[PDB]
Structures are given as structure tokens and as C-alpha cells.
Amino acid sequence: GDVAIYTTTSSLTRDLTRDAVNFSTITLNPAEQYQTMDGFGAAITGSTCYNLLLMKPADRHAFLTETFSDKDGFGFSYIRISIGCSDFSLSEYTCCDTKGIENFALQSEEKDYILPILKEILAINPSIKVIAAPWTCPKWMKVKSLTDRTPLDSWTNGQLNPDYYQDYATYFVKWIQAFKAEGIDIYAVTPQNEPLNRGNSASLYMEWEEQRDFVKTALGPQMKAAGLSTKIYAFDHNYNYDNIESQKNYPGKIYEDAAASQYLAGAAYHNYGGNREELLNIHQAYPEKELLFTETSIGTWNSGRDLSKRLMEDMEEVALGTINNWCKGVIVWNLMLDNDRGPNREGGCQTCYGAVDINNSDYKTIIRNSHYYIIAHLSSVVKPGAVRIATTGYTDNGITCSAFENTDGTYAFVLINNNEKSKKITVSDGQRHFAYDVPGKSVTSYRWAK
Ligand SMILES: OC[C@H]1O[C@@H](OC[C@H]2NC[C@H](O)[C@@H](O)[C@@H]2O)[C@H](O)[C@@H](O)[C@@H]1O
């Protein structure tokens, strides 16, 4: 028909099911434009790659096509990877574990896992955006703290030695360049994953003052001098700033220093603490700066495998909730973990599930979890370059939505009906109209031509 539809229900009566209706209230107002959208997706971790590589090649490629193809799938369009290890790598490591930045090289995990998978994904989707972050700097760039500047031989904790700001900037540059030599353009970085976390299996503490100085004196100058167009997003942690008074408004503080801010596209957030309302505060205070949602997880702590508990809440808070608070993109954590929540690392998340889970006896049977749905419901109809546009018509209980216009002149609409009852909706673009009974506890995505 005229309007293409995707539906998933909490109960799995519909499972990204396809429908269509023809033309025959929520009214889209394309003259009222908000942010443009970069993409949506998941993390391609070492553990994700390991699981994918253990599948039969054709099954892996089918899954990757379904996930990442625009024409043959859901068109996931943003992925996140780690610079060096994360807690879903096959070891603790960095790309320069031997002291001296002259020792920089991509390691076995990149050569054997990350690069082969990303090359397969790029074969399917050559315009996919990649954002990266380190979980730790090389251990030898660490100090115990900024007031105790002695070495710290730890994959976790510590702060970046100010004497190594210039060499660590060089680290980022060599990494980006090595990926480029392999055929992969890095679209964006952050300076550190979750810089207020000292825990995990790999970490580095970095306050806003350190990040400001690192960006303005080393990372921003060096990336620009290398001719890289890679964007830099600040922060990359939770809405509450982990309840550390000094660290509140983390990116805002950095934006106030004009020398740092000139290198920053915006700020990145996760939702592991605090309330997504924070995104609105930051946008209002600095409308010139971008916002991107870069990590959330499902796991044993939030019944991650029970879609009846997760679909509605995750679509409301992670997907539509961030996009309606100015975020240009939404990226979840591990695309694929096995049914044992792995492979994982001692001290890292050992309670996490994947956006999908794969069975580790056959490496074939895959179960989609809430994260796969929330993203596919976005990426299936909202393509890169889409601009979020206003809606008018009546505020209804349990109903949330978002509307966009894609650069190909197609409108896209995504709607959550968090009510047991179906609801009859009617949708207008001003010239054309369509109606659809939206099932209870559903997400529905719609796309049609202007
Ligand atoms: O807070 C919920 C749980 O999060 C688990 O961490 C998951 C991911 N979160 C942030 C980090 O950037 C990732 O490396 C990490 O895998 C955490 O392990 C668990 O203790 C929490 O209960």
C-alpha cells in the first residue's frame, strides 16, 4: 500500500510484523523542524563479534543483512565500538600496552574480530556511522590521582597523567588512521567511556576539567592537524552525573571554555542513572550543541528478556524519550550475547543480555530482546538526514509519538500505545490521510511518500 507499517506487541502477537494501508488525530507539521537524525543502532563488541563468527557464515550474513540492510532489513545505521578493550572484549588490552606511543598497533582483537565483522557490516551498509570510545588508556599513561602522581598499573581506576595528554591524543589519531587504512571511517569519538566510573573491568576517571584540558590542548588540535573530520562528543556517562556535585552539568562546564568548545559537536549520554529530563536542560542551555544517546543495557537487574516488562518502557525512555529530548541518535550496548550473557569479563558486566541473544549450543537460534525492537522501529523508517518535525492533534493517555521527514521526501512516524486496548488513530501530512487500529501494548512505525 501507500503506507508501510512495522508492528511489535509486548505479547509477541506481532514481531516487527509488516502491514500496509492506503490513503483514504495526529497531524504532522513539516514546517516546524527540530534536530536532524544521524542514526540508530547497537555496539559491535568483541563478544558480539565472537558470537557472530561462531555462526554458520550464511546465518551470520542473514542476521547482519536483516539488521543492517536498508533495502533488505531494518537499516540499523549507527554502531559503537571500543578503542582498545571494553568489558565485552576477549581480554584486557589497549592498542599500546608497551610503554612509548611509538609502539602503537591494532591488536589481535581488532584484526581477528572487530575488523572482519565491521567489514561485513559495511558491505551490507556502506554509509553506517561508527562512534568509538576507550574504556581505559594504556596503563602507563595513568597516575593514581592528580594529587598523587605516581604510576598505577591498573586496567581500572586512575586518572590520565597530564604529561601524557599529547601522546594520548596521538593514540586517538593513530587508531582513527589505522581504521581508515582498513576502510572504516570513524564518524565520532568520545574521550573516555563513562569518565565518572572507577569500576568495571576497564576504566579511567576523568573529570570535566581534565576532559576540557585534554580536548582543547591535545585531542582537538591533533585530530584537526591530521585532517580528520571525526566529531568529538563530551561526557559519555549518566544523566545524574553520578551524584557528584563538582561534576554536575559536566559538558556545560566544558562548553563554557571557548578553547575546548570549538572542538566539541556536543555531548553523549547513557541512562544508567538519573532522568532523561536532563537532556532538555542541556539543550535549552546550549542549543548550538548536539546531543547523542550512546549506551543503555538490559540484564538480570531489569528483567531484560521479558518483553512484556521491557518493550513499552524501553521505547518510551530509551527511544522516543531521548529523540523527543533533542538526541540525534540512539545506540544500545552489545548487539549479540550468548544465553550465558557472554563472553564476559571478571569485574565487568556479567548480568547483561544482548539486543538479541544467541544459543551457544547451535549458534543459530536467536531471540530478539527489547533493544533490537526499539532500534529497528526507529531505523526501519527514520533514515540518516531525517529531520524531526512537530505533531499537533490530541494528547492521549498512554500514547507517545515522534514524526520526521526523510531527505527522500518520505514522512516517517513512530508510535507507542502503552494501553491494553487498541486505539484507532488517524494520521495527516496535510495533503494525505490514513487510519489504522493500533494494537494494545504496541510500537508501530510508519513510512509513506509526500
Ligand atoms: O547499571 C546497570 C548494570 O550495568 C552493568 O553495566 C553494563 C554496562 N554499563 C556501562 C559500561 O559503559 C559498560 O561497559 C557496561 O557493560 C553493570 O556491570 C552492573 O553492575 C549494573 O547493575
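Counting starts at 1 for both ligands and their atoms, in listed order. Quick note: residue numbers are just sequence positions, from 1.
- Closer than 4.0 Å to atom 21 (C) of ligand 1 lies none of the heavy atoms of the protein.
- Residue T351 has no nitrogen or oxygen atom sitting less than 3.5 Å from a nitrogen or oxygen atom of ligand 1, judged on distance alone.
- Partner of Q35 under the side-chain hydrogen bond (donor to acceptor under 3.5 Å, both in side chains) criterion, chosen from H283, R388, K328: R388.
- Any N or O atom pair closer than 3.5 Å counts here, and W333 shares at least one such pair with ligand 1.
- The aromatic rings of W140 and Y164 stand perpendicular to each other, their planes meeting at an angle above 60°, with 30° marking the opposite boundary.
- Both the sub-6.0 Å distance and the 45° axial angle are not jointly satisfied by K248 relative to the ring of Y241.
- Nearest protein heavy-atom neighbour of atom 1 (O) of ligand 1: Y272 CD2, 3.8 Å.
- For a threshold of 3.5 Å applied to N or O pairs, the pair formed by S297 and ligand 1 contains no separation below that value.
- Where the criterion is an N or O separation shorter than 3.5 Å, residue side chain and backbone included, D87 meets it with respect to ligand 1.
- Enclosure of atom NZ in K111 by more than 12 non-hydrogen atoms of other residues, nucleotides or ligands within 6.0 angstrom is indicated.
- Summary of contacts: the protein heavy atom closest to atom 8 (C) of ligand 1 is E295 OE2, 3.3 Å.
- For ligand 1, none of its N or O atoms has an N or O atom of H270 under 3.5 Å away.
- Both tests hold for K289 against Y255: distance to the six-membered ring centre under 6.0 Å, angle to the ring axis within 45°.
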